[PDB]
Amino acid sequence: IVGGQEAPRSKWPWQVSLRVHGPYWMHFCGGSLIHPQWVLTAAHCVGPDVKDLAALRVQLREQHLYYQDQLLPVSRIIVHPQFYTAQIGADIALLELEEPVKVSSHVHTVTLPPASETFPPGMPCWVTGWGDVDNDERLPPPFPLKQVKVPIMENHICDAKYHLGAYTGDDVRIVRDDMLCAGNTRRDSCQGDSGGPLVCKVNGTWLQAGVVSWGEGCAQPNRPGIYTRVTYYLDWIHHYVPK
């Protein structure tokens, strides 16, 4: 997370960390608890190639990575079939935990937005994760969970910005429809926050508007962060996660 600060421990009770087996269970991506037994994340975090589930584990809300670990095994990795690369799209996936989690005020599910929700600009949204604090700059130990308020911008405004200083034809769409954008040169998600959640308080309730997907670098001029647009894939999600 670029900009922002360490989040209070009472916030983002749905934030999760994905771990890959290695010299130690290292965090490679973020994710969110959308149901006691399911975790929503980015497809590029776990695919497009098939992974060995044994080498993967989930860590529920933690104020500091690795310090109070209670790794949870995974039984299924469901990746949207239209996915191949983040730039192309459909960068979304599901992880089914091996057991349901006991929810509480410190750890519970995030609410998904209704299919109608559009998240207009001037929309106070936040993004969180344990990713880099800048380009090629790791979150230093003790690895606190960070949060940052990011401005939502219209898809067409972002697509245009991405063509600035680029050879790509103006009519060749970069920021696609199943995508959503937010952030600026001071606030943005970065390597390590991927799969994590972008949430907005609407009508007094937190809804997950997006999933950290990609961007050209982090907080770079004319290159706002791109996120998978959750409302676009609700039907797919609900085909696995109970309503």
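Take the two forms, superpose them, and find the largest set of C-alpha atoms that agree within 1.5 Å; that set is the rigid core. Numbers for residues come from their place in the sequence shown, where the first is 1.
Rigid core fits of the other structures in 8 other deposited structures of this protein place the C-alpha atoms of one stretch farther away on average; of 120-128 and 143-151, that stretch is 120-128. Averaged over CA atoms, B-factors in the entry run higher in 104-112 than in the other of 141-149 and 104-112.
The stretch with the higher mean CA B factor, choosing between 211-219 and 65-73, is 65-73.
Per the deposited record, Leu53 carries the highest C-alpha B-factor of all listed residues (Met179, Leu53, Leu33, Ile174). The residue among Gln37, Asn203, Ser189, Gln59 whose C-alpha carries the highest B-factor in the deposited model is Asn203. Remark: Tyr24 belongs to the highest third of its chain, ranked by C-alpha B-factor as recorded.
The PDB entry assigns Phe119 a C-alpha temperature factor belonging to the highest third of its chain's modelled residues. Ranked within its chain, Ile157 lands in the middle third, by CA B factor from the PDB record. In this PDB entry, the Cα temperature factor of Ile1 sits in the bottom third of its chain's modelled residues, the lowest group.
The entry lists a Cα temperature factor for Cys125 that places it in the highest third of the chain's modelled residues.
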